[PDB]
Amino acid sequence: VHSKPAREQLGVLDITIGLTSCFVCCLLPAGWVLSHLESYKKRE
Amino acid sequence: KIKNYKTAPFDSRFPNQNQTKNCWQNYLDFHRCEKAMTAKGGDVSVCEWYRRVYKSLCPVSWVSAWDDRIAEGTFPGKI
Amino acid sequence: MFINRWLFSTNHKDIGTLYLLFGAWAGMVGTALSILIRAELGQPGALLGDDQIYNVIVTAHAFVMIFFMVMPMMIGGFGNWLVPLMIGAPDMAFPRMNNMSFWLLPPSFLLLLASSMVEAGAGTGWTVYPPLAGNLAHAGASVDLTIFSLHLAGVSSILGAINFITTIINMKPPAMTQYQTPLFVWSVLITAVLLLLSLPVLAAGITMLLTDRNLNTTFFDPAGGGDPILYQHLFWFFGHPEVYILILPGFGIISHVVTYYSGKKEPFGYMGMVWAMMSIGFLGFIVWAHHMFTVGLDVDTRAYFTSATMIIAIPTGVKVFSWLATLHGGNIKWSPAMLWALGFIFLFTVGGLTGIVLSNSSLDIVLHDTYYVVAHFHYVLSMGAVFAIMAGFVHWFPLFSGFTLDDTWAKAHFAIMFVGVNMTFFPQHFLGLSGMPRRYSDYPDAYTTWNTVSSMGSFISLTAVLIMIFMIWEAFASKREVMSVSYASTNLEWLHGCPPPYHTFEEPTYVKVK
Amino acid sequence: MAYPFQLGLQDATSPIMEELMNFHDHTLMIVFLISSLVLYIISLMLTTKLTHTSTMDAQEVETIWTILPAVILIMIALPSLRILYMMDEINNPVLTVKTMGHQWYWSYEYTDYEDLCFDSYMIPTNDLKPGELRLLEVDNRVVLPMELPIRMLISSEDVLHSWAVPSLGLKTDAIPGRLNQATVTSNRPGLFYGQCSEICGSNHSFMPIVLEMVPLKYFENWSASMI
Amino acid sequence: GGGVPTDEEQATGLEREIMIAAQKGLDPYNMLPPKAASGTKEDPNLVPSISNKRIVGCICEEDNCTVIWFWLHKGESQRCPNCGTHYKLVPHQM
Amino acid sequence: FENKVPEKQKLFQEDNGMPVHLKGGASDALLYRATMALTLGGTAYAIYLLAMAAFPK
Amino acid sequence: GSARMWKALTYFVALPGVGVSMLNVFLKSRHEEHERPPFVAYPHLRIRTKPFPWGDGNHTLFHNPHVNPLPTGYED
Amino acid sequence: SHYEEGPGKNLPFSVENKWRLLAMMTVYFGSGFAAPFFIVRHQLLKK
Amino acid sequence: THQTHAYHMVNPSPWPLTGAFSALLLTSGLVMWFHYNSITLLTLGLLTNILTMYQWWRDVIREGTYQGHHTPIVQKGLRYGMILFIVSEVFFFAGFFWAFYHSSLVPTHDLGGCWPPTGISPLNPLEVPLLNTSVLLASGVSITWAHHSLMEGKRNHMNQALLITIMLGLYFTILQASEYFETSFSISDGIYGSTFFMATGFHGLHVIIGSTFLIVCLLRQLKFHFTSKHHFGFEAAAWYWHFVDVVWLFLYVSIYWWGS
Ligand code: HEA
Ligand code: HEA
Ligand code: CUA
Ligand SMILES: [Cu+2]
Ligand SMILES: [Mg+2]
Ligand code: NA
Ligand SMILES: [Zn+2]
């Protein structure tokens, strides 16, 4: 399957932005919950 | 007869491992033994072996529930 | 426009788009549930306190990655895109109940999420085995909401099965017979027949459970004359079909990707391919008690069921050998979907042989519901169905949306996924042989190290998922088009355009006069 | 009883486990045979350079691919059938012990003579005496004598449990209203650890099973002494 | 006499139009497999289309399992790639 | 009970662009509006009730 | 000929058959005045693990006070 | 025709702004990944 | 003239979505009726699903007989889909009969090992189930008479046949409820009571569905919808009611003659 050139080529920064954002943003939920897991456990 | 064993043996009637039917049949024909030989005047202690076999097979909670049902008259068996 | 097209959808392509969205969302939810399980199991002790919530999380993981990921991605999504384009049909037979099955799936997922919200929790496992689901152990609502989600998923899958069988046997071009369609059409046809003759048994079992919980019936209460072994019988007479619905579209799409990227214009042993599909479909019914080897069945019945398990094992071996044969003598192009298919073939092989080792009931008298069976169904499901899903996802994405995928980044996603999931699921062999039973939150010294290694591999799998969704964004941002598609003369779906227009096949295919 | 870095099974106590491990290594030879085969064949299809994309011949080797896995599975399943048949041969039940799985714990009854019943919880991590094991220690061992086949009637009160001892080689699902029959045999005294293998609620991980295997005379000494 | 309505005077629409087509014996809406099985250069297989561009799926050997799908455009009789039987397109606008 | 199907049929092949589910006049439009406002109004009531059950008093 | 045969079977076989079955039940229902069985609190009958979602939770959907005793007895 | 067709325009979302697509994919998959963590902390607060 | 193929292009319809959310409403209403005893959302869900099915089938009639989109190949597809739904429900009731036979062939120790379980005398099969079977068989033969009256072209004869069949079906439903009133024991009463009440109740719901579908087909005929050849509404009526007949024959034979 031959492919035509990217209409909106991504720059080193753009690739970094997407990669870093994806990792950090997706890790945020788990990370924040894991960090405050003890606080949630508190019936308080 | 007056056989004295230590543990209930293998019953060929139920070769499978679902022995709750074995204990159910043992308790049923033990009570059938009681009613039949008390009606006919025979010796009631012949099926003390039947008593020992259902006691050895099925659990104490089950037999206590069944004895209470027999005692105050709500048993689902043919007794 | 948006509400008229997507909320009021009436064509298979947009309905499959919505299937793909819901499947990706469910995959994210289940992935988070999996990292919850492995984060709780990567540490000896109780991270979450009492493991009732742990049972809730394992139940949610099972339900969302089976009844909300793989069925709506393969059976729903890939099939619902493809089989009209494969057989030349313009649309599907019953697009109204197609859209109804779609838009009734998120109510089932909302029932699942609200059941997790309810304080009772779904502490029954993937199976909803009574009297654990009875009123004595779950006096509440969450198990009822899971059963109603089961109802909704069952109705949606039933209507999908009706639509799929109808479109397959009806909208063939009139001169081609039943045995000329591509292999994915056959696989999803056998899948939909399995759905149709399986799902009402599930509906009977779960309605029976509802009436036992709420309407005071005693079908699974031994104090009322009932029997739970009836529920395992019903649930597993549905459960080995569950297996084969989750697996057979995977067979079809892996057969397509190996015959596409091997350079062949024919899959090897296609007539025998269809024979083996129908064989495992027909023996999927009569093998159901291989999950009940420890419940106290008859020895004769155990022998009959393990013998039938070998007889259902043999045509799957025919499938595997035919896959190696259609790989044979071909210029294997190193597309990432081919790598996914090769991983599927090998890891499916090892998982199936693990299943055979299970299928010996003399081994299941000690090996039942340890982590060895967990290794079984994750070797054959968390890489079988999942590896098939990624193979079809990275194969058909230029057809599906119009944007191709970078080969290096796609093989990168495959590489992290492959090594992480192997590190994830190889130690549970040792966990099961050492004897760690299923649904445990905490675990002793002898299982500590292998459980830790599996947790690290699972985090690697999480990193792979992040690479996959970055890859989706990178495709959507680069927006490179398709210059050409090879083997479009053989594959009917690709020749109509990448992506195809909204109304496909306004001109029917001129079938041969012969 | 399991040791860290465990590769195979917990070592055998019963001759049914000895035959089970021999048959397990048989199945391991089959899976390694097939896995090495498919690995090397896959390496052929990766590393080759010649191409055959012609009109294939189909029904020339499929007869071999039908007859070979058939006899593979036949010689797998024939020991399976033989072992499955010898689990329930003509038994001589010298003793009968019944287990009742209760809500996240167990109860045991030796009722053959002088009706004996006791309970079995799990010794907590903070309440462990030094040198013991986590999650496998139990405040009341299950006492059985060696070199005897003893009938074991396994049932449950409330929820489906699963009496599993992978050291001695047993697992039966304890279902309410239905007691299942197993036979315990041993070739070795000592302690063997197992667990409940069926999900049963909020403390499913917290009910293990412990078997201490003692001689006959010490077995009736314990039974007559604990009352 | 008539009682229940009869579809030859009751049904209207696509169903009526193809009943008219059936009773005059020609089908323009691809209910049936086509005709004129002759695929030479001088007499190719005739393919009806309402447009200038239409798929054809050639089963170009008898009892062949896999189909060879390819397009036809308005013009010369394009042939099947893996066999070589010819196909020529006619516009019907119906 | 007379035959008014053929007159009702020609109230369904108007090429005005009005779709088939609203082609019956204004009455089906009001039925559409009422069922569209009350499945959604029911749905918001169900989600609120599930939330009220999930967060007890 | 098929439609005329089915009409004849309906009028001369099916309708007389329903008439005879209705007459059988109607004559039986006039002669039978069933001696309500004595109440026995069998532990496997009248099981209530959860109240019903209607009424008092103790009456069945098709409750009949004359023939259907509660877990405690007849209502009269 | 009645519906606009083309490369990437058949999706229910917009493709033209890569950063906007990143933000909305981020909130979508973040809600998806964060849903069961928020569930389990809800029962941890409740219990 | 835009569509060359003889298949049918469905206009975008909201009622898939609204029926889906009505199923959501029905399930949630059952939840809050079983637990939080609120009738209101259950009634709302029932109204939504009934009304959605009402105008969904109204719209499929509108594209069938008022637009003629039910081309004979689509009619073949409709026949296939209807038969598939019938065999799906055959397997549903087969799972129910599997539950009944799993209870029946091995009577448990709680029941005394005897079927029927002691403490209940089952209703005799001799009078009221014979009346039931006679009603359903008469309804089936009357439907066959009506269908062959469609073959002949006799509108008055098939109207009379359809009113006779609907009278029989409503008679069956009302005396079904009457013997529900006049049975010695209930659904929450024993495994026997549970299983046959569940089976007969699902069958009663199905014969209610069949009776209402007969109402729909009769009212369609009274407005001259059906014709001599394209009468798939009445074809589905005959298929569904024969399914009801054979399921009632199976249930009658099994329950009322095995262990009774
Ligand atoms: C993806 C889903 C999937 C698939 C495909 C399978 C496939 C198989 N499964 Fe499994 N199974 C599950 C999902 C699946 N299973 C789940 C989810 C459970 C437990 C659920 C629960 O406990 O709640 C389970 C449980 C389960 C058990 C119960 C274990 C226990 O708990 O005691 C058993 C044993 O019989 C079993 C057997 C098999 C067999 C024999 C196959 C076979 O179909 C595999 C066939 C594949 C092959 C590749 C065949 C091998 C052939 C070759 C390698 C070719 C060469 C061979 C020769 C030359 C001989 N499965
Ligand atoms: C499809 C089914 C499926 C899948 C993929 C998985 C995947 C995984 N499972 Fe799963 N698991 C089950 C089905 C599945 N499981 C079932 C049925 C049980 C039994 C439950 C019970 O006992 O009741 C179970 C049980 C189970 C347990 C038992 C808990 C216990 O007994 O204590 C554990 C723990 O290690 C576990 C771990 C994992 C891990 C680490 C993965 C990883 O492989 C996760 C990685 C996989 C993915 C992340 C999928 C990829 C998805 C995406 C990338 C998103 C989709 C988006 C697009 C495609 C665009 N699983
Ligand atoms: Cu008892 Cu798990
Ligand atoms: Cu299975
Ligand atoms: Mg188990
Ligand atoms: Na843990
Ligand atoms: Zn050709």
# chains A, B, ... in the order shown; residues from 1 in each chain; ligands from 1
$ residues_near_ligand --ligand "ligand 6" --cutoff "12 Å" --atoms "only C-alpha atoms and all ligand atoms" --output "JSON, numbers by chain"
{"C": [36, 37, 38, 39, 40, 41, 42, 43, 44, 45, 46, 47, 48, 49, 50, 51, 53, 54, 439, 440, 441, 442, 443, 444, 447, 448, 451, 452, 455], "D": [135, 205]}
$ write_last_selection --atoms "N, CA, C and O atoms" --output "short mmCIF file (atom, residue, chain, number, x, y, z; two decimals), in the first residue's frame"
data_model
loop_
_atom_site.label_atom_id
_atom_site.label_comp_id
_atom_site.auth_asym_id
_atom_site.auth_seq_id
_atom_site.Cartn_x
_atom_site.Cartn_y
_atom_site.Cartn_z
N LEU C 36 -4.92 -1.30 37.52
CA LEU C 36 -5.37 -1.39 38.91
C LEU C 36 -5.06 -2.75 39.51
O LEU C 36 -4.53 -2.85 40.62
N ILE C 37 -5.36 -3.82 38.76
CA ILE C 37 -5.12 -5.18 39.26
C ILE C 37 -3.63 -5.41 39.48
O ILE C 37 -3.21 -5.94 40.51
N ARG C 38 -2.81 -5.01 38.51
CA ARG C 38 -1.39 -5.30 38.61
C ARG C 38 -0.68 -4.39 39.59
O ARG C 38 0.34 -4.79 40.17
N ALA C 39 -1.18 -3.17 39.80
CA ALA C 39 -0.64 -2.32 40.84
C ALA C 39 -1.02 -2.83 42.22
O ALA C 39 -0.25 -2.67 43.17
N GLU C 40 -2.19 -3.45 42.35
CA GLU C 40 -2.53 -4.06 43.62
C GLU C 40 -1.78 -5.38 43.83
O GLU C 40 -1.55 -5.77 44.98
N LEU C 41 -1.40 -6.05 42.74
CA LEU C 41 -0.70 -7.33 42.80
C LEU C 41 0.80 -7.20 42.61
O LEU C 41 1.50 -8.22 42.63
N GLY C 42 1.32 -6.00 42.39
CA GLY C 42 2.75 -5.81 42.33
C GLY C 42 3.41 -5.64 43.68
O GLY C 42 4.62 -5.44 43.76
N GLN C 43 2.62 -5.71 44.74
CA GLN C 43 3.07 -5.47 46.11
C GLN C 43 2.44 -6.51 47.03
O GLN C 43 1.21 -6.67 47.02
N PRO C 44 3.23 -7.24 47.81
CA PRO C 44 2.65 -8.16 48.79
C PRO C 44 1.93 -7.40 49.88
O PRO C 44 2.49 -6.49 50.49
N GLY C 45 0.68 -7.76 50.11
CA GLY C 45 -0.16 -7.09 51.08
C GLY C 45 -1.39 -6.52 50.41
O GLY C 45 -1.64 -6.72 49.22
N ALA C 46 -2.18 -5.80 51.20
CA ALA C 46 -3.46 -5.26 50.76
C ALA C 46 -3.30 -3.77 50.48
O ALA C 46 -3.26 -2.95 51.40
N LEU C 47 -3.20 -3.42 49.19
CA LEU C 47 -3.17 -2.01 48.81
C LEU C 47 -4.55 -1.37 48.91
O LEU C 47 -4.67 -0.22 49.33
N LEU C 48 -5.60 -2.12 48.56
CA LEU C 48 -6.96 -1.61 48.56
C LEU C 48 -7.76 -2.08 49.77
O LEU C 48 -8.99 -2.02 49.74
N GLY C 49 -7.09 -2.54 50.82
CA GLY C 49 -7.81 -3.03 51.98
C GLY C 49 -8.42 -4.39 51.71
O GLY C 49 -7.77 -5.28 51.16
N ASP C 50 -9.68 -4.56 52.11
CA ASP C 50 -10.40 -5.80 51.83
C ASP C 50 -10.62 -5.94 50.33
O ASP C 50 -10.84 -4.96 49.61
N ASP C 51 -10.57 -7.18 49.85
CA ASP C 51 -10.56 -7.44 48.42
C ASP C 51 -11.95 -7.60 47.82
O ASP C 51 -12.08 -8.16 46.72
N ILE C 53 -13.62 -4.90 46.91
CA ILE C 53 -13.41 -3.94 45.83
C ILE C 53 -12.51 -4.55 44.76
O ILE C 53 -12.67 -4.27 43.57
N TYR C 54 -11.57 -5.41 45.16
CA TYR C 54 -10.73 -6.11 44.18
C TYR C 54 -11.56 -7.03 43.29
O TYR C 54 -11.33 -7.10 42.08
N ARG C 439 -8.47 -14.70 41.61
CA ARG C 439 -9.18 -13.67 42.36
C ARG C 439 -8.61 -13.49 43.77
O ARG C 439 -9.34 -13.41 44.75
N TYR C 440 -7.28 -13.44 43.86
CA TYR C 440 -6.58 -13.12 45.10
C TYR C 440 -5.90 -11.77 44.99
O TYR C 440 -5.25 -11.48 43.98
N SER C 441 -6.05 -10.96 46.03
CA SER C 441 -5.39 -9.67 46.12
C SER C 441 -3.99 -9.79 46.70
O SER C 441 -3.09 -9.03 46.32
N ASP C 442 -3.78 -10.71 47.63
CA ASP C 442 -2.51 -10.87 48.32
C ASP C 442 -2.01 -12.30 48.17
O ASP C 442 -2.78 -13.24 47.93
N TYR C 443 -0.70 -12.46 48.31
CA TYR C 443 -0.02 -13.64 47.79
C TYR C 443 1.29 -13.84 48.52
O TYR C 443 2.00 -12.86 48.79
N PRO C 444 1.64 -15.08 48.86
CA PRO C 444 2.88 -15.32 49.63
C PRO C 444 4.19 -15.23 48.87
O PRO C 444 4.27 -14.80 47.70
N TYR C 447 5.02 -16.79 45.32
CA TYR C 447 4.43 -16.15 44.16
C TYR C 447 4.84 -14.70 44.01
O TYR C 447 4.54 -14.09 42.97
N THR C 448 5.54 -14.15 45.01
CA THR C 448 5.90 -12.73 45.04
C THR C 448 6.68 -12.30 43.81
O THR C 448 6.32 -11.31 43.15
N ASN C 451 4.84 -12.62 40.37
CA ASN C 451 3.76 -11.64 40.31
C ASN C 451 4.32 -10.23 40.09
O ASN C 451 3.74 -9.44 39.33
N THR C 452 5.46 -9.93 40.71
CA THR C 452 6.12 -8.64 40.49
C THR C 452 6.57 -8.48 39.05
O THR C 452 6.37 -7.41 38.44
N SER C 455 3.69 -7.75 36.90
CA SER C 455 3.23 -6.37 37.06
C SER C 455 4.09 -5.39 36.26
O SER C 455 3.57 -4.47 35.62
N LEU D 135 -0.50 -15.87 54.94
CA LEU D 135 -1.73 -16.23 54.23
C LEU D 135 -1.94 -17.73 54.08
O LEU D 135 -2.93 -18.13 53.45
N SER D 205 -9.57 -14.45 49.65
CA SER D 205 -8.16 -14.79 49.73
C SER D 205 -7.74 -15.27 51.11
O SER D 205 -6.58 -15.66 51.29
#
$ interface_residues --of "chain C" --to "chain A" --cutoff "8 Å" --atoms "only C-alpha atoms" --output "list in words"
residues 32, 48, 404, 463, 466, 467, 469, 470, 473, 474, 477, 478, 479, 480, 481, 482, 483, 484, 485 and 486 of chain C
$ residues_near_ligand --ligand "ligand 2" --cutoff "7 Å" --atoms "only C-alpha atoms and all ligand atoms" --output "count of residues only"
43
$ residues_near_ligand --ligand "ligand 1" --cutoff "6 Å" --atoms "only C-alpha atoms and all ligand atoms" --output "PDB file with N, CA, C and O atoms, in the first residue's frame"
ATOM      1  N   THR C 127     -17.861 -14.808  35.991  1.00  0.00           N
ATOM      2  CA  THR C 127     -19.080 -15.554  36.239  1.00  0.00           C
ATOM      3  C   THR C 127     -19.863 -14.884  37.361  1.00  0.00           C
ATOM      4  O   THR C 127     -19.297 -14.212  38.224  1.00  0.00           O
ATOM      5  N   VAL C 243     -16.108 -17.809  24.113  1.00  0.00           N
ATOM      6  CA  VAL C 243     -14.826 -18.154  23.519  1.00  0.00           C
ATOM      7  C   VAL C 243     -14.837 -18.074  22.001  1.00  0.00           C
ATOM      8  O   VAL C 243     -14.055 -17.324  21.403  1.00  0.00           O
ATOM      9  N   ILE C 247     -13.189 -15.421  19.286  1.00  0.00           N
ATOM     10  CA  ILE C 247     -12.011 -15.900  18.563  1.00  0.00           C
ATOM     11  C   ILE C 247     -12.204 -15.940  17.043  1.00  0.00           C
ATOM     12  O   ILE C 247     -11.299 -15.562  16.298  1.00  0.00           O
ATOM     13  N   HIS C 290     -16.098 -28.487  29.973  1.00  0.00           N
ATOM     14  CA  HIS C 290     -14.678 -28.490  30.287  1.00  0.00           C
ATOM     15  C   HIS C 290     -14.307 -27.416  31.300  1.00  0.00           C
ATOM     16  O   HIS C 290     -13.172 -27.415  31.787  1.00  0.00           O
ATOM     17  N   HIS C 291     -15.227 -26.514  31.629  1.00  0.00           N
ATOM     18  CA  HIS C 291     -15.046 -25.584  32.734  1.00  0.00           C
ATOM     19  C   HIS C 291     -15.645 -26.090  34.040  1.00  0.00           C
ATOM     20  O   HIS C 291     -15.572 -25.380  35.047  1.00  0.00           O
ATOM     21  N   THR C 309     -13.271 -32.427  23.690  1.00  0.00           N
ATOM     22  CA  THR C 309     -12.324 -31.322  23.709  1.00  0.00           C
ATOM     23  C   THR C 309     -11.132 -31.600  22.798  1.00  0.00           C
ATOM     24  O   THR C 309     -10.638 -30.694  22.119  1.00  0.00           O
ATOM     25  N   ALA C 313     -10.168 -29.725  19.419  1.00  0.00           N
ATOM     26  CA  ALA C 313      -8.787 -29.282  19.279  1.00  0.00           C
ATOM     27  C   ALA C 313      -8.239 -29.536  17.881  1.00  0.00           C
ATOM     28  O   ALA C 313      -7.480 -28.712  17.358  1.00  0.00           O
ATOM     29  N   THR C 316      -8.834 -26.876  14.890  1.00  0.00           N
ATOM     30  CA  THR C 316      -8.042 -25.686  15.164  1.00  0.00           C
ATOM     31  C   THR C 316      -6.582 -25.915  14.796  1.00  0.00           C
ATOM     32  O   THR C 316      -5.906 -24.997  14.311  1.00  0.00           O
ATOM     33  N   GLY C 317      -6.088 -27.136  15.003  1.00  0.00           N
ATOM     34  CA  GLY C 317      -4.773 -27.486  14.500  1.00  0.00           C
ATOM     35  C   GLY C 317      -4.708 -27.459  12.987  1.00  0.00           C
ATOM     36  O   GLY C 317      -3.686 -27.080  12.405  1.00  0.00           O
ATOM     37  N   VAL C 320      -4.270 -23.808  12.174  1.00  0.00           N
ATOM     38  CA  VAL C 320      -2.906 -23.330  12.399  1.00  0.00           C
ATOM     39  C   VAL C 320      -1.972 -23.824  11.298  1.00  0.00           C
ATOM     40  O   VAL C 320      -1.155 -23.058  10.763  1.00  0.00           O
ATOM     41  N   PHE C 348      -0.998 -17.747  20.044  1.00  0.00           N
ATOM     42  CA  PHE C 348      -2.183 -18.584  19.959  1.00  0.00           C
ATOM     43  C   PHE C 348      -1.823 -20.058  20.053  1.00  0.00           C
ATOM     44  O   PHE C 348      -2.529 -20.829  20.708  1.00  0.00           O
ATOM     45  N   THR C 349      -0.733 -20.468  19.394  1.00  0.00           N
ATOM     46  CA  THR C 349      -0.282 -21.854  19.477  1.00  0.00           C
ATOM     47  C   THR C 349       0.055 -22.244  20.912  1.00  0.00           C
ATOM     48  O   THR C 349      -0.405 -23.280  21.413  1.00  0.00           O
ATOM     49  N   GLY C 352      -3.101 -22.294  23.083  1.00  0.00           N
ATOM     50  CA  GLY C 352      -3.938 -23.443  22.800  1.00  0.00           C
ATOM     51  C   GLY C 352      -3.378 -24.735  23.356  1.00  0.00           C
ATOM     52  O   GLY C 352      -4.127 -25.596  23.823  1.00  0.00           O
ATOM     53  N   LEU C 353      -2.058 -24.898  23.304  1.00  0.00           N
ATOM     54  CA  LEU C 353      -1.466 -26.084  23.912  1.00  0.00           C
ATOM     55  C   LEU C 353      -1.572 -26.048  25.433  1.00  0.00           C
ATOM     56  O   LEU C 353      -1.771 -27.095  26.067  1.00  0.00           O
ATOM     57  N   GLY C 355      -4.146 -24.760  26.750  1.00  0.00           N
ATOM     58  CA  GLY C 355      -5.532 -25.173  26.867  1.00  0.00           C
ATOM     59  C   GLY C 355      -5.712 -26.675  26.794  1.00  0.00           C
ATOM     60  O   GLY C 355      -6.585 -27.229  27.453  1.00  0.00           O
ATOM     61  N   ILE C 356      -4.900 -27.349  25.980  1.00  0.00           N
ATOM     62  CA  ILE C 356      -4.949 -28.811  25.909  1.00  0.00           C
ATOM     63  C   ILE C 356      -4.507 -29.424  27.233  1.00  0.00           C
ATOM     64  O   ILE C 356      -5.134 -30.368  27.749  1.00  0.00           O
ATOM     65  N   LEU C 358      -4.768 -28.024  30.065  1.00  0.00           N
ATOM     66  CA  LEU C 358      -5.961 -27.862  30.888  1.00  0.00           C
ATOM     67  C   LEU C 358      -7.018 -28.911  30.558  1.00  0.00           C
ATOM     68  O   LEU C 358      -7.653 -29.466  31.460  1.00  0.00           O
ATOM     69  N   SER C 359      -7.202 -29.205  29.267  1.00  0.00           N
ATOM     70  CA  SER C 359      -8.316 -30.029  28.805  1.00  0.00           C
ATOM     71  C   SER C 359      -8.223 -31.448  29.319  1.00  0.00           C
ATOM     72  O   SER C 359      -9.243 -32.136  29.435  1.00  0.00           O
ATOM     73  N   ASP C 364      -6.882 -30.889  35.441  1.00  0.00           N
ATOM     74  CA  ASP C 364      -7.774 -29.904  36.046  1.00  0.00           C
ATOM     75  C   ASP C 364      -8.274 -30.309  37.423  1.00  0.00           C
ATOM     76  O   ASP C 364      -8.870 -29.472  38.107  1.00  0.00           O
ATOM     77  N   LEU C 367      -5.556 -28.252  38.780  1.00  0.00           N
ATOM     78  CA  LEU C 367      -5.149 -27.051  38.066  1.00  0.00           C
ATOM     79  C   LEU C 367      -6.295 -26.085  37.789  1.00  0.00           C
ATOM     80  O   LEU C 367      -6.092 -25.096  37.077  1.00  0.00           O
ATOM     81  N   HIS C 368      -7.486 -26.337  38.328  1.00  0.00           N
ATOM     82  CA  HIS C 368      -8.660 -25.535  38.009  1.00  0.00           C
ATOM     83  C   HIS C 368      -8.630 -24.199  38.740  1.00  0.00           C
ATOM     84  O   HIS C 368      -8.500 -24.156  39.966  1.00  0.00           O
ATOM     85  N   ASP C 369      -8.768 -23.114  37.975  1.00  0.00           N
ATOM     86  CA  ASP C 369      -8.826 -21.742  38.495  1.00  0.00           C
ATOM     87  C   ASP C 369      -7.627 -21.398  39.375  1.00  0.00           C
ATOM     88  O   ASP C 369      -7.753 -20.742  40.411  1.00  0.00           O
ATOM     89  N   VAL C 373      -4.742 -21.196  34.314  1.00  0.00           N
ATOM     90  CA  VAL C 373      -5.824 -20.927  33.369  1.00  0.00           C
ATOM     91  C   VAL C 373      -5.876 -19.439  33.034  1.00  0.00           C
ATOM     92  O   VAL C 373      -6.285 -19.059  31.930  1.00  0.00           O
ATOM     93  N   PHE C 377      -6.014 -18.139  29.182  1.00  0.00           N
ATOM     94  CA  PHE C 377      -6.896 -17.258  28.432  1.00  0.00           C
ATOM     95  C   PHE C 377      -6.306 -15.881  28.192  1.00  0.00           C
ATOM     96  O   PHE C 377      -6.874 -15.122  27.407  1.00  0.00           O
ATOM     97  N   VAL C 380      -4.243 -16.690  24.967  1.00  0.00           N
ATOM     98  CA  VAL C 380      -5.093 -16.914  23.805  1.00  0.00           C
ATOM     99  C   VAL C 380      -6.137 -15.811  23.623  1.00  0.00           C
ATOM    100  O   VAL C 380      -6.776 -15.745  22.560  1.00  0.00           O
ATOM    101  N   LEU C 381      -6.311 -14.925  24.603  1.00  0.00           N
ATOM    102  CA  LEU C 381      -7.302 -13.859  24.520  1.00  0.00           C
ATOM    103  C   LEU C 381      -6.690 -12.470  24.590  1.00  0.00           C
ATOM    104  O   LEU C 381      -6.982 -11.627  23.734  1.00  0.00           O
TER     105      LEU C 381
ATOM    106  N   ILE D  34       5.496 -29.421  19.660  1.00  0.00           N
ATOM    107  CA  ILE D  34       4.715 -28.631  18.716  1.00  0.00           C
ATOM    108  C   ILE D  34       5.241 -27.200  18.643  1.00  0.00           C
ATOM    109  O   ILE D  34       5.283 -26.594  17.565  1.00  0.00           O
ATOM    110  N   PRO D  69      -2.156 -35.147  14.028  1.00  0.00           N
ATOM    111  CA  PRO D  69      -2.667 -34.659  15.320  1.00  0.00           C
ATOM    112  C   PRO D  69      -3.728 -35.555  15.925  1.00  0.00           C
ATOM    113  O   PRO D  69      -3.907 -35.524  17.147  1.00  0.00           O
ATOM    114  N   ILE D  72      -1.684 -37.950  17.841  1.00  0.00           N
ATOM    115  CA  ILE D  72      -1.086 -37.167  18.927  1.00  0.00           C
ATOM    116  C   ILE D  72      -2.076 -37.021  20.077  1.00  0.00           C
ATOM    117  O   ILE D  72      -1.769 -37.333  21.236  1.00  0.00           O
TER     118      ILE D  72
END
$ residues_around --residues "region 101-111 of chain D" --least-positions-apart "2" --cutoff "10 Å" --atoms "only C-alpha atoms" --output "JSON, numbers by chain"
{"B": [7, 52, 55, 56, 57, 58, 59, 60], "C": [137], "D": [95, 96, 97, 98, 99, 113, 114, 115, 116, 117, 118, 119, 120, 121, 122, 138, 140, 141, 142, 143, 152, 153, 154, 155, 156, 157, 158, 159, 160, 161, 162, 163, 173, 174, 175, 176, 196, 199, 200, 201, 202, 203, 204, 205, 206, 207, 208, 209, 223]}
